[PDB]
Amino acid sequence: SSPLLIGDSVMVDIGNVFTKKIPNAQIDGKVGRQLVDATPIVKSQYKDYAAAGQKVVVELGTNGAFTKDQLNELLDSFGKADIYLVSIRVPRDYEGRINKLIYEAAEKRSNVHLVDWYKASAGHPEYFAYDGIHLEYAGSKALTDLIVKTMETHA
């Protein structure tokens, strides 16, 4: 009902569509944001979300690669919150490596739930701008629906 959504350009793209579905969502998207820049923000802005019973959506990696250690530092900073971690689809050589880090984090952590946008958007070029980074409306609605459906299942 009041989840935190933190991400890069993709969060900017879906913010308005997502707010129509979940009006009390707290949305923090910034074009060009790197995952390593999110951890100080969570400590400066969002420690009230780092609690059992809170919900956080993390949408990072589309705008740049990150390391295992950086991902773990970010996930640890949310504490016992339920974390919905979105896989990425981007035309860059690091896409697979980052998606494997994301997959393994979800495998490990009982409070991390994978939102497999990579799999969901396979075969749907109409979801994406020609740059393969920004989303068309059809993509923003599909990703919004996937995030919300995952949170409603608790999966």
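One-based numbering along the sequence shown.
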Stretch with the greater mean C-alpha B-factor as recorded in the entry, comparing 100 to 108 against 37 to 45 | 37 to 45
As the entry reports it, the stretch among 136 to 144 and 16 to 24 with higher mean C-alpha B factor is 16 to 24
Just grab whichever of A129, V115, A122, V56 has the top CA B-factor as deposited.
-> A122
Please rank the C-alpha B-factors of the chain's modelled residues and tell me whether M151 sits in the lowest, middle or highest third.
-> middle
Third of the chain, ranked by Cα B-factor, where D93 sits = middle
